[PDB]
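See structure below.
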Amino acid sequence: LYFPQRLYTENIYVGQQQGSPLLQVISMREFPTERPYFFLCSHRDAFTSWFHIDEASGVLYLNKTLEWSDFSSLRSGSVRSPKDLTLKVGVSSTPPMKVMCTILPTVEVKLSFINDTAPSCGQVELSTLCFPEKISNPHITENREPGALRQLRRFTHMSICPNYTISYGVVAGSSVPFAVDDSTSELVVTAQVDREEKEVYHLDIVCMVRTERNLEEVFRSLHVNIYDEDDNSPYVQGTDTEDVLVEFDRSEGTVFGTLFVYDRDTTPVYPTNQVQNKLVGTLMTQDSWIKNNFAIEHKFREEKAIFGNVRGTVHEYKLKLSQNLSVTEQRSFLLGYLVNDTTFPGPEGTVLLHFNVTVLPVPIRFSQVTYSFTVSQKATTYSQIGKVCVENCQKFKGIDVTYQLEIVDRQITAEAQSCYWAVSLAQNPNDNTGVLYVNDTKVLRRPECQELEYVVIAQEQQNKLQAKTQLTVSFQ
Amino acid sequence: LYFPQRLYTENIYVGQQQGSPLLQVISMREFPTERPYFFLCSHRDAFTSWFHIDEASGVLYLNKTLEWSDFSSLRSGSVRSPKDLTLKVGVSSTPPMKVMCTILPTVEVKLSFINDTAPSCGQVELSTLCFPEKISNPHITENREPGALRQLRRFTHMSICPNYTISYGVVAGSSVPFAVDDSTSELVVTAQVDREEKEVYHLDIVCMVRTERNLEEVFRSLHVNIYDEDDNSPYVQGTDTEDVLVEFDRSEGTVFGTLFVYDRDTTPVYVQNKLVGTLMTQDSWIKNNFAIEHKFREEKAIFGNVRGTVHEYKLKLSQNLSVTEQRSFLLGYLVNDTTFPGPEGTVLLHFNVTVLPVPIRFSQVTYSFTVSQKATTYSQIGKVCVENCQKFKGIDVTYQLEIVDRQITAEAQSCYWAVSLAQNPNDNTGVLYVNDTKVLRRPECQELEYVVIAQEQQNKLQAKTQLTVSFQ
Ligand SMILES: *[C@@H]1O[C@H](CO[C@@H]2O[C@@H](C)[C@@H](O)[C@@H](O)[C@@H]2O)[C@@H](O[C@@H]2O[C@H](CO)[C@@H](O[C@@H]3O[C@H](CO[C@H]4O[C@H](CO)[C@@H](O)[C@H](O)[C@@H]4O)[C@@H](O)[C@H](O[C@H]4O[C@H](CO[C@H]5O[C@H](CO)[C@@H](O)[C@H](O)[C@@H]5O)[C@@H](O)[C@H](O)[C@@H]4O)[C@@H]3O)[C@H](O)[C@H]2NC(C)=O)[C@H](O)[C@H]1NC(C)=O
Ligand SMILES: *[C@@H]1O[C@H](CO[C@@H]2O[C@@H](C)[C@@H](O)[C@@H](O)[C@@H]2O)[C@@H](O[C@@H]2O[C@H](CO)[C@@H](O[C@@H]3O[C@H](CO)[C@@H](O)[C@H](O[C@H]4O[C@H](CO)[C@@H](O)[C@H](O)[C@@H]4O)[C@@H]3O)[C@H](O)[C@H]2NC(C)=O)[C@H](O)[C@H]1NC(C)=O
Ligand SMILES: *[C@@H]1O[C@H](CO[C@@H]2O[C@@H](C)[C@@H](O)[C@@H](O)[C@@H]2O)[C@@H](O[C@@H]2O[C@H](CO)[C@@H](O[C@@H]3O[C@H](CO[C@H]4O[C@H](CO)[C@@H](O)[C@H](O)[C@@H]4O)[C@@H](O)[C@H](O)[C@@H]3O)[C@H](O)[C@H]2NC(C)=O)[C@H](O)[C@H]1NC(C)=O
Ligand SMILES: *[C@@H]1O[C@H](CO[C@@H]2O[C@@H](C)[C@@H](O)[C@@H](O)[C@@H]2O)[C@@H](O[C@@H]2O[C@H](CO)[C@@H](O[C@@H]3O[C@H](CO)[C@@H](O)[C@H](O)[C@@H]3O)[C@H](O)[C@H]2NC(C)=O)[C@H](O)[C@H]1NC(C)=O
Ligand SMILES: *[C@@H]1O[C@H](CO[C@@H]2O[C@@H](C)[C@@H](O)[C@@H](O)[C@@H]2O)[C@@H](O[C@@H]2O[C@H](CO)[C@@H](O)[C@H](O)[C@H]2NC(C)=O)[C@H](O)[C@H]1NC(C)=O
Ligand SMILES: *[C@@H]1O[C@H](CO[C@@H]2O[C@@H](C)[C@@H](O)[C@@H](O)[C@@H]2O)[C@@H](O[C@@H]2O[C@H](CO)[C@@H](O)[C@H](O)[C@H]2NC(C)=O)[C@H](O)[C@H]1NC(C)=O
Ligand SMILES: *[C@@H]1O[C@H](CO)[C@@H](O[C@@H]2O[C@H](CO)[C@@H](O)[C@H](O)[C@H]2NC(C)=O)[C@H](O)[C@H]1NC(C)=O
Ligand SMILES: *[C@@H]1O[C@H](CO)[C@@H](O[C@@H]2O[C@H](CO)[C@@H](O)[C@H](O)[C@H]2NC(C)=O)[C@H](O)[C@H]1NC(C)=O
Ligand SMILES: *[C@@H]1O[C@H](CO)[C@@H](O[C@@H]2O[C@H](CO)[C@@H](O)[C@H](O)[C@H]2NC(C)=O)[C@H](O)[C@H]1NC(C)=O
Ligand SMILES: *[C@@H]1O[C@H](CO)[C@@H](O)[C@H](O)[C@H]1NC(C)=O
Ligand SMILES: *[C@@H]1O[C@H](CO)[C@@H](O)[C@H](O)[C@H]1NC(C)=O
Ligand SMILES: *[C@@H]1O[C@H](CO)[C@@H](O)[C@H](O)[C@H]1NC(C)=O
Ligand SMILES: [Ca+2]
Ligand SMILES: [Ca+2]
Ligand SMILES: [Ca+2]
Ligand SMILES: [Ca+2]
Ligand SMILES: [Ca+2]
Ligand SMILES: [Ca+2]
């Protein structure tokens, strides 16, 4: 059972008689043998015993003839007319119990108690007799059993105008799965519908009234919203496999591959707790190295243009690094990822995704070309002289290399050790590059201090791998 | 003219005699008829008058027979020994003049004056007869003259073993453009070289020593570096045109495409081989909204055996484009290799830009949420989102809830305290949450109806849809 309508409304008047019908609450069956049992739930309120709902038909009736004192005694806190009354109506597929009112779905019946006697039939405009002032739009879910949807007669007004005949119809320009049941005056849905074909049905209702004058007609435009269920399995467009190379970029959080999965069903905006149409993924590997270093990132968003202008869901799966992978690691594996549409009925609601991963090692090493820098200008403290970099260091990401200058010859006099102050080195972690700059220019005034031979030492941090190269600086 | 090596070193000994050769400074020609003129530059030092260099040959000679007194009087009182002597040698393309010592490049000659006589023949290994102690790895410039690179013979030790005859040769793993001149014992480079083909050569020098009953040989490993010149023009790999679509991401700083420009030459940051670009437009609108992002790196991997330069060009936004913008233009960008001789040092890049407006509208005509009566304060109810709002960048959209029924009593108004809305600028959504649970005890407060209004900041474009919240 579900309710195609969350709120009912009507006016009630002083002098309205015991036993007169007010409105009909509708429950739609989710299965053909399901039978509704209606009951009132507002037993917390005193006014609820002014009313009676028929357990089988769902028609709500006055249980008491309304009086002036009934109006004035409503403790709402607003002394003004009209006083709104809110009733709760419950429905169940078994015989009703008191506790269902606290625990089952209910409908709100909002009544406006007007502190006056009912209007005379000559005082009601045909449009009001025919159709509520503001018509709320019903909703049904796709793939459901046809059934009555809305009682079209205004019960209260046909008692004001008892000598009028009133019939309703669906005006069908195109063929629509909606009609009126002439015998009950209900709008009914005549077939199962498909949210993926149409999410909103526009309807024009015609009311035909035989007056003392002629047969009159009034038209009312409304529409029915179609709710979605998970009735489409996810699928890939093109490949289910993404080739991933891990080499010079090994930094955590970087994305190395992206696979897209599509689902024609809708999903609440990401991220959500709803379980309808949720896709849950699972790494298809028992392997500690893979699990502790790699991870899949899942996101989804609504799209419609790619689905033929029908709202569905686009999923993105991205292979991510958990932590900076050591430059010595080298592995090639085919990583499966099972994507399961959990609420898709039957065992065809999954897609297997594949990440074909190549992880190459990254050597730590200078080219065999040693550096020689010539400073043809008079040295100025802090002027950059040159840069040092291991092979392909400028492509590195997630690899920390630190550079150091050291003196080539060891058995060197104390005085000769000072010529090497002329140049120093700074880390440019922007690239993992080394920047040579001038330091002490005072030592350059010595002709022996104008040709410097250094060793540059690079050190990868995670594994402590070292590379060396030679470096000469000529102050000219 | 250029020096293949910037520092020479040798030993000199007590008892070494006037006129004995010590070593040979090398200058490498950059034109076929260019010739070097060598000269000593050392001014104030007393030991400079001890030496002489042949202006034509570059051979440094002793101009004085070294006595014990010469050593102890050199910087008297210093306890160092040996005592290092630094000489400066200059070269010129025309007849040397005094002023040239101040304004033309020089190499340093560092002589170690040993306070002893030379070793006897029986004391030295053959390698000290053949080679200098310090290994020096020379350099040569690509696209220059072949010629003598290094004197291999060790002049100071010639007489240490008078009956030994000494000659030299080169061996490598591959064929190499290097050889020994039999007549001068010079290592020669026999061809012009191309840095782009080979950046360093690894040679083994062989010294053949003919003793009184044997032909012996000792080896020395050497490396010759090739200095890079800007002799390659930049080029594009594949297409010189990038199609760029500006839609949902329109924030300042966003990069839209990558054009790759390659240059085989190296690029020292500290003007050689520098590529400078120019925006090919006068359009005020374009310039005020777009710039070209240029980054570059040096790389051996993409070029193979020899380091080259990779440049990346990307069209970047200078500010958030209004969602109402819509225009298509073709934007040229000229990249110039400013030190490449001739007019072929430039490449024209193109950006083919389509900028599309972004509509501000709901694609869902109704949001319906169902929440527990026992729901706790601040628990998330759901999210709303204008069409494609999760792709938005540089677009400011806010969301607001409005009550539908305006003719509402004060008591019914308090029902709408149960729900509030928070902005989620991260993904451009609004977040509904539970606010006041106390009003949920009232049956009239359990079905709420709102209008959701989204408003784009710049243009005040609005979108509106229905939202219902049901407390069950
Ligand atoms: C809901 O609707 C109620 C009924 O609607 C009215 O009657 C319908 C039949 C119809 O014609 C409709 O159009 C009418 O609006 C309405 O109740 C009405 O209230 C008024 C105002 O009080 C009242 O008129 C006064 O009646 C006094 C006493 O009358 C006696 O008889 C009536 C009914 O027969 C009873 O309700 C009364 O309780 C009495 O039994 C008269 O004395 C009065 O005349 C003079 O004095 C009053 C001063 O009274 C005011 O102060 C007292 C004390 O504080 C209050 O208790 C009282 O309510 C007044 O506010 C002065 O106002 C006069 O101008 C005059 O100076 C006057 O005639 C109607 O009789 C009464 N009708 C009915 C049927 O009871 C109610 O107000 C509506 N409520 C809302 C929220 O909309
Ligand atoms: C969120 O909920 C709070 C109330 O819940 C309390 O705060 C939560 C954050 C949470 O901690 C709960 O656990 C906690 O109980 C709402 O706050 C109330 O807001 C209303 C309206 O602003 C206030 O009522 C007004 O009070 C005014 C004087 O203070 C008075 O002038 C007003 O009357 C005027 O306006 C009304 C219509 O607005 C009109 O009908 C009148 O005739 C007159 O013109 C009105 O009485 C309450 O005092 C506030 N309560 C508290 C405790 O601060 C908050 O609004 C809500 N946020 C939402 C829904 O966005
Ligand atoms: C430069 O070097 C000389 C050293 O000359 C020699 O050659 C070098 C390579 C080394 O092998 C030295 O050991 C040699 O001496 C220095 O002059 C010498 O210094 C030493 C140490 O101070 C002196 O040794 C002294 O010798 C005294 C006696 O020596 C004389 O008399 C003996 C008689 O047996 C005779 O055999 C000898 O030849 C000397 O004529 C000895 O009593 C004393 O204890 C001390 O050991 C040596 O005498 C010095 N000169 C000579 C000619 O021997 C210089 O000082 C050094 N210069 C600098 C600036 O450091
Ligand atoms: C500059 O770019 C436009 C637009 O290109 C479109 O948007 C970009 C962001 C890129 O992603 C492009 O891939 C994309 O198409 C170019 O005009 C466009 O040309 C294409 C053809 O290449 C048109 O597509 C269709 O092609 C089929 C052929 O199968 C035809 O039958 C269709 O009639 C249609 O031509 C596309 O419609 C067209 N777009 C517009 C707005 O005209 C443009 O050529 C390019 N200029 C360059 C590269 O110099
Ligand atoms: C998984 O990938 C390997 C290697 O793929 C290479 O590296 C990727 C990062 C990507 O750039 C691919 O295009 C590369 O080819 C595949 O093995 C290679 O397959 C190609 C096919 O033409 C072949 O030319 C190579 O020789 C192969 N290399 C090796 C080392 O075998 C492999 O087939 C992929 N596996 C699956 C199941 O897709
Ligand atoms: C850098 O040089 C200093 C000496 O020069 C000072 O620093 C320069 C960068 C510049 O600011 C000058 O004007 C300064 O006078 C070296 O400092 C010496 O370090 C050694 C050993 O660490 C120590 O024995 C000396 O006493 C220090 N002398 C002074 C004056 O500080 C420093 O080592 C150099 N750092 C390098 C080369 O990395
Ligand atoms: C996909 O998810 C569904 C949802 O739970 C799984 O369906 C259950 O599978 C278990 C066995 O693993 C059965 O005992 C249940 O009866 C199944 N239905 C349920 C729980 O509603 C399904 O197995 C998953 N498919 C996979 C992992 O391939
Ligand atoms: C993984 O690599 C990144 C980038 O190379 C490292 O990031 C730096 O980490 C140090 C560690 O103290 C910080 O001081 C720096 O501020 C970080 N800089 C940047 C740009 O990220 C990171 O530390 C490495 N390891 C981990 C576990 O993050
Ligand atoms: C590419 O860059 C070169 C080098 O800057 C430009 O050549 C110079 O242009 C100026 C401007 O007229 C002249 O005065 C110089 O004589 C030119 N040569 C040098 C060495 O500066 C050249 O114009 C640029 N090419 C383009 C197409 O803009
Ligand atoms: C109608 O009201 C009377 C009270 O006068 C009560 O006894 C009876 O049970 C009520 N009927 C219904 C259906 O609520
Ligand atoms: C309806 O018609 C009957 C019979 O003609 C008449 O008795 C009754 O009063 C009429 N009712 C109205 C509201 O006109
Ligand atoms: C070299 O050989 C000759 C014999 O031909 C011999 O007389 C001489 O002493 C040897 N040594 C030197 C240093 O000449
Ligand atoms: Ca469907
Ligand atoms: Ca569906
Ligand atoms: Ca689905
Ligand atoms: Ca070249
Ligand atoms: Ca070059
Ligand atoms: Ca170049």
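Here, A, B, ... name the chains of the structure tokens in the order displayed, residue numbers run from 1 inside each chain, and ligands are numbered from 1 in the same displayed order.
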Show me, as CSV, the residues of chain B having an atom within 8 Å of chain A, each with the closest atom pair and its distance in Å, using only C-alpha atoms.
```
residue,atom,partner,partner_atom,distance
B:6,CA,A:451,CA,7.5
B:7,CA,A:451,CA,7.0
B:86,CA,A:448,CA,6.3
B:105,CA,A:476,CA,6.8
B:106,CA,A:476,CA,7.7
B:108,CA,A:451,CA,7.7
B:110,CA,A:448,CA,8.0
B:199,CA,A:369,CA,6.9
B:200,CA,A:369,CA,6.2
B:225,CA,A:369,CA,6.4
B:268,CA,A:386,CA,7.5
B:269,CA,A:386,CA,7.4
B:270,CA,A:386,CA,5.5
B:297,CA,A:394,CA,6.3
B:298,CA,A:394,CA,7.0
B:299,CA,A:392,CA,5.8
B:300,CA,A:392,CA,6.8
B:301,CA,A:392,CA,7.1
B:382,CA,A:272,CA,7.3
B:383,CA,A:269,CA,5.9
B:384,CA,A:269,CA,6.9
B:385,CA,A:269,CA,7.3
B:388,CA,A:303,CA,7.2
B:390,CA,A:301,CA,7.1
B:409,CA,A:78,CA,7.4
B:410,CA,A:78,CA,8.0
B:411,CA,A:77,CA,7.3
B:443,CA,A:86,CA,6.5
B:444,CA,A:86,CA,5.6
B:447,CA,A:6,CA,7.3
B:472,CA,A:105,CA,6.0
```
- [ ] Considering only C-alpha atoms, return as a count of residues only whatever protein or nucleic-acid residues lie within 10 Å of residue 413 in chain B, sequence-local ones (same chain, fewer than 5 positions apart) excluded.
- [x] 6
Task: At most 9 Å from ligand 9 (only C-alpha atoms and all ligand atoms): residue list as a PyMOL selection string - done: chain B and resi 275-278+334-347
The selected residues should be written to file as an mmCIF file, in the first residue's frame (atoms: N, CA and C atoms).
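The result, written out as result.cif:
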```cif
data_model
loop_
_atom_site.group_PDB
_atom_site.id
_atom_site.type_symbol
_atom_site.label_atom_id
_atom_site.label_comp_id
_atom_site.auth_asym_id
_atom_site.auth_seq_id
_atom_site.Cartn_x
_atom_site.Cartn_y
_atom_site.Cartn_z
ATOM 1 N N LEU B 275 62.208 30.054 -24.995
ATOM 2 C CA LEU B 275 61.053 30.231 -25.870
ATOM 3 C C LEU B 275 60.130 31.273 -25.263
ATOM 4 N N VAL B 276 59.855 32.339 -26.005
ATOM 5 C CA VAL B 276 58.996 33.411 -25.522
ATOM 6 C C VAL B 276 57.782 33.500 -26.430
ATOM 7 N N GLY B 277 56.606 33.603 -25.819
ATOM 8 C CA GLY B 277 55.360 33.570 -26.544
ATOM 9 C C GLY B 277 54.754 34.952 -26.630
ATOM 10 N N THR B 278 53.826 35.106 -27.567
ATOM 11 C CA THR B 278 53.102 36.350 -27.776
ATOM 12 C C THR B 278 51.657 36.017 -28.118
ATOM 13 N N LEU B 334 52.113 32.741 -30.603
ATOM 14 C CA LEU B 334 53.396 32.580 -31.282
ATOM 15 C C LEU B 334 54.510 32.295 -30.281
ATOM 16 N N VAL B 335 55.212 31.185 -30.490
ATOM 17 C CA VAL B 335 56.311 30.746 -29.637
ATOM 18 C C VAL B 335 57.611 30.904 -30.414
ATOM 19 N N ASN B 336 58.565 31.646 -29.838
ATOM 20 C CA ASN B 336 59.785 32.074 -30.519
ATOM 21 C C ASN B 336 61.006 31.559 -29.756
ATOM 22 N N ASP B 337 61.842 30.775 -30.434
ATOM 23 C CA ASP B 337 63.148 30.376 -29.916
ATOM 24 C C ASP B 337 64.131 31.509 -30.221
ATOM 25 N N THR B 338 64.294 32.416 -29.249
ATOM 26 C CA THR B 338 64.882 33.736 -29.468
ATOM 27 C C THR B 338 66.377 33.688 -29.766
ATOM 28 N N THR B 339 67.066 32.610 -29.399
ATOM 29 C CA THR B 339 68.472 32.453 -29.726
ATOM 30 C C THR B 339 68.699 31.517 -30.897
ATOM 31 N N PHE B 340 67.646 31.023 -31.532
ATOM 32 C CA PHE B 340 67.835 30.212 -32.726
ATOM 33 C C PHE B 340 68.100 31.123 -33.919
ATOM 34 N N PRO B 341 69.261 31.024 -34.565
ATOM 35 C CA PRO B 341 69.563 31.929 -35.680
ATOM 36 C C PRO B 341 68.615 31.701 -36.849
ATOM 37 N N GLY B 342 68.035 32.787 -37.346
ATOM 38 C CA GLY B 342 67.197 32.715 -38.519
ATOM 39 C C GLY B 342 65.726 32.786 -38.176
ATOM 40 N N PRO B 343 64.878 32.890 -39.204
ATOM 41 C CA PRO B 343 63.438 33.083 -38.980
ATOM 42 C C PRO B 343 62.649 31.807 -38.741
ATOM 43 N N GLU B 344 63.284 30.630 -38.746
ATOM 44 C CA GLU B 344 62.597 29.360 -38.522
ATOM 45 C C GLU B 344 62.541 28.983 -37.055
ATOM 46 N N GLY B 345 62.841 29.917 -36.168
ATOM 47 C CA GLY B 345 62.871 29.569 -34.768
ATOM 48 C C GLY B 345 61.554 29.800 -34.073
ATOM 49 N N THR B 346 60.447 29.870 -34.815
ATOM 50 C CA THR B 346 59.158 30.125 -34.197
ATOM 51 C C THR B 346 58.133 29.096 -34.648
ATOM 52 N N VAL B 347 57.114 28.930 -33.819
ATOM 53 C CA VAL B 347 55.997 28.034 -34.070
ATOM 54 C C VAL B 347 54.727 28.769 -33.667
#
```
Open item on the list: Set the distance at 8 Å and use only C-alpha atoms: which residues neighbour residue 448 in chain B once local chain neighbours fewer than 4 positions away are removed? I'd like the list as a VMD selection string.
Closed with: chain B and resid 415 to 416 468 to 470
Selection above as a file: N, CA, C and O atoms, as a PDB file, in the first residue's frame:
```
ATOM      1  N   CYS B 415       5.583  25.377  12.155  1.00  0.00           N
ATOM      2  CA  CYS B 415       5.850  24.037  11.663  1.00  0.00           C
ATOM      3  C   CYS B 415       7.123  24.003  10.824  1.00  0.00           C
ATOM      4  O   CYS B 415       7.862  23.008  10.852  1.00  0.00           O
ATOM      5  N   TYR B 416       7.420  25.101  10.121  1.00  0.00           N
ATOM      6  CA  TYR B 416       8.527  25.192   9.179  1.00  0.00           C
ATOM      7  C   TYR B 416       9.864  25.418   9.855  1.00  0.00           C
ATOM      8  O   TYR B 416      10.890  25.440   9.162  1.00  0.00           O
ATOM      9  N   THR B 468       8.832  18.942  -0.975  1.00  0.00           N
ATOM     10  CA  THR B 468       8.019  18.513   0.149  1.00  0.00           C
ATOM     11  C   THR B 468       8.863  17.683   1.110  1.00  0.00           C
ATOM     12  O   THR B 468       9.757  16.944   0.690  1.00  0.00           O
ATOM     13  N   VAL B 469       8.580  17.825   2.404  1.00  0.00           N
ATOM     14  CA  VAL B 469       9.190  17.016   3.455  1.00  0.00           C
ATOM     15  C   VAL B 469       8.076  16.357   4.256  1.00  0.00           C
ATOM     16  O   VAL B 469       7.144  17.026   4.720  1.00  0.00           O
ATOM     17  N   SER B 470       8.174  15.054   4.412  1.00  0.00           N
ATOM     18  CA  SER B 470       7.171  14.262   5.098  1.00  0.00           C
ATOM     19  C   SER B 470       7.826  13.610   6.314  1.00  0.00           C
ATOM     20  O   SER B 470       8.863  12.949   6.192  1.00  0.00           O
TER      21      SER B 470
END
```
Task: Near-ligand residues for ligand 6, threshold 8 Å, only C-alpha atoms and all ligand atoms, as a ChimeraX atom specification - done: /A:381-382,418,420-425,438-442
Those selected residues, please, written with N, CA and C atoms and delivered as a PDB file, in the first residue's frame.
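Okay, selection23.pdb is ready:
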```
ATOM      1  N   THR A 381      76.472  37.748  -3.998  1.00  0.00           N
ATOM      2  CA  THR A 381      75.904  36.830  -3.016  1.00  0.00           C
ATOM      3  C   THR A 381      74.423  36.570  -3.273  1.00  0.00           C
ATOM      4  N   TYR A 382      74.063  35.290  -3.345  1.00  0.00           N
ATOM      5  CA  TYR A 382      72.704  34.751  -3.469  1.00  0.00           C
ATOM      6  C   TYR A 382      72.233  34.666  -4.918  1.00  0.00           C
ATOM      7  N   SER A 418      88.493  26.547   2.351  1.00  0.00           N
ATOM      8  CA  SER A 418      87.668  27.752   2.342  1.00  0.00           C
ATOM      9  C   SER A 418      87.278  28.217   0.941  1.00  0.00           C
ATOM     10  N   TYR A 420      85.791  26.581  -1.112  1.00  0.00           N
ATOM     11  CA  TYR A 420      84.527  25.919  -1.414  1.00  0.00           C
ATOM     12  C   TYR A 420      83.324  26.580  -0.743  1.00  0.00           C
ATOM     13  N   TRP A 421      83.553  27.593   0.104  1.00  0.00           N
ATOM     14  CA  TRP A 421      82.456  28.388   0.641  1.00  0.00           C
ATOM     15  C   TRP A 421      81.806  29.258  -0.420  1.00  0.00           C
ATOM     16  N   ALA A 422      82.482  29.475  -1.552  1.00  0.00           N
ATOM     17  CA  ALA A 422      81.993  30.423  -2.548  1.00  0.00           C
ATOM     18  C   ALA A 422      80.640  30.013  -3.103  1.00  0.00           C
ATOM     19  N   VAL A 423      80.332  28.729  -3.068  1.00  0.00           N
ATOM     20  CA  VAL A 423      79.109  28.207  -3.651  1.00  0.00           C
ATOM     21  C   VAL A 423      78.415  27.347  -2.613  1.00  0.00           C
ATOM     22  N   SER A 424      77.091  27.421  -2.585  1.00  0.00           N
ATOM     23  CA  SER A 424      76.276  26.578  -1.728  1.00  0.00           C
ATOM     24  C   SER A 424      75.081  26.093  -2.540  1.00  0.00           C
ATOM     25  N   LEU A 425      74.274  25.228  -1.936  1.00  0.00           N
ATOM     26  CA  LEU A 425      73.171  24.591  -2.637  1.00  0.00           C
ATOM     27  C   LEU A 425      71.880  24.738  -1.845  1.00  0.00           C
ATOM     28  N   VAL A 438      75.742  31.539  -5.282  1.00  0.00           N
ATOM     29  CA  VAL A 438      76.961  32.037  -4.663  1.00  0.00           C
ATOM     30  C   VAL A 438      76.707  32.268  -3.179  1.00  0.00           C
ATOM     31  N   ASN A 439      77.751  32.084  -2.380  1.00  0.00           N
ATOM     32  CA  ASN A 439      77.642  32.306  -0.948  1.00  0.00           C
ATOM     33  C   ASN A 439      78.641  33.371  -0.502  1.00  0.00           C
ATOM     34  N   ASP A 440      79.901  32.987  -0.292  1.00  0.00           N
ATOM     35  CA  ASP A 440      80.939  33.905   0.169  1.00  0.00           C
ATOM     36  C   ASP A 440      81.755  34.348  -1.036  1.00  0.00           C
ATOM     37  N   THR A 441      81.662  35.630  -1.368  1.00  0.00           N
ATOM     38  CA  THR A 441      82.437  36.190  -2.461  1.00  0.00           C
ATOM     39  C   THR A 441      83.823  36.638  -2.026  1.00  0.00           C
ATOM     40  N   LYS A 442      84.028  36.862  -0.721  1.00  0.00           N
ATOM     41  CA  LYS A 442      85.327  37.306  -0.224  1.00  0.00           C
ATOM     42  C   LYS A 442      86.433  36.341  -0.608  1.00  0.00           C
TER      43      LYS A 442
END
```
Task: Contacts with ligand 16 at most 7 Å, only C-alpha atoms and all ligand atoms counted, listed as a PyMOL selection string - done: chain B and resi 142-143+194-196+229+231-232
TODO: Can you check which residues of range 62-294 of chain B DSSP gives as helix (DSSP H, G or I) on the backbone and send them as a count of residues only?
DONE: 29
Could you name the residues that touch residue 286 in chain A at 12 Å or less, counting only C-alpha atoms, but leaving out those on the same chain fewer than 6 positions away, as a tab-separated table (two decimals) with N, CA and C atoms, in the first residue's frame?
```tsv
chain	number	residue	atom	x	y	z
A	292	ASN	N	46.95	-2.22	0.54
A	292	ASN	CA	47.57	-1.17	1.34
A	292	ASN	C	48.15	-0.03	0.53
A	335	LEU	N	43.71	-5.79	-11.86
A	335	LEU	CA	42.94	-5.55	-10.65
A	335	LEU	C	41.46	-5.52	-11.00
A	336	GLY	N	40.71	-6.50	-10.51
A	336	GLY	CA	39.29	-6.54	-10.73
A	336	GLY	C	38.54	-5.74	-9.68
```
TODO: Do a neighbour search on residue 361 in chain B at 9 Å with only C-alpha atoms, toss out local chain neighbours closer than 5 positions, and write the hits as a PyMOL selection string.
DONE: chain B and resi 386-387+454+461-465
TODO: Identify, on the basis of only C-alpha atoms, every residue whose closest approach to residue 112 in chain B does not exceed 6 Å; exclude the query and any residue fewer than 3 positions from it along the same chain; express the result as JSON, numbers by chain.
DONE: {"B": [11, 82, 83, 84]}
Selection from above, N, CA and C atoms, as a compact mmCIF listing (two decimals), in the first residue's frame, can you write it?
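What ended up in part-v2.txt:
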```
# COMPACT_ATOMS: atom_id res chain seq x y z
N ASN B 11 103.41 18.81 -10.98
CA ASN B 11 104.47 18.95 -10.00
C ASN B 11 105.72 19.52 -10.66
N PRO B 82 103.93 20.11 -0.42
CA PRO B 82 104.36 21.09 -1.43
C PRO B 82 103.72 22.45 -1.28
N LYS B 83 104.17 23.40 -2.08
CA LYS B 83 103.61 24.74 -2.13
C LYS B 83 102.99 24.94 -3.50
N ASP B 84 101.69 25.24 -3.52
CA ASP B 84 100.96 25.35 -4.78
C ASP B 84 101.19 26.70 -5.42
```
Task: Environment of ligand 1 within 7 Å, counting only C-alpha atoms and all ligand atoms, reported as a list in words - done: residues 68, 72, 79, 80, 81, 115 and 116 of chain A
- [ ] Give me every strand (DSSP E) residue in range 153-325 of chain A, going by DSSP on the backbone, as a PyMOL selection string.
- [x] chain A and resi 165-170+178-181+186-189+200-210+215-227+241-246+255-263+279-283+294-303+312-321
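Minimum distance to residue 167 in chain B across B:135, B:149, B:302, B:205 (counting only C-alpha atoms) occurs at B:205.
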TODO: Work out how far CA of residue 37 in chain A is from CA of residue 58 in chain A, in Å to one decimal.
DONE: 7.9 Å
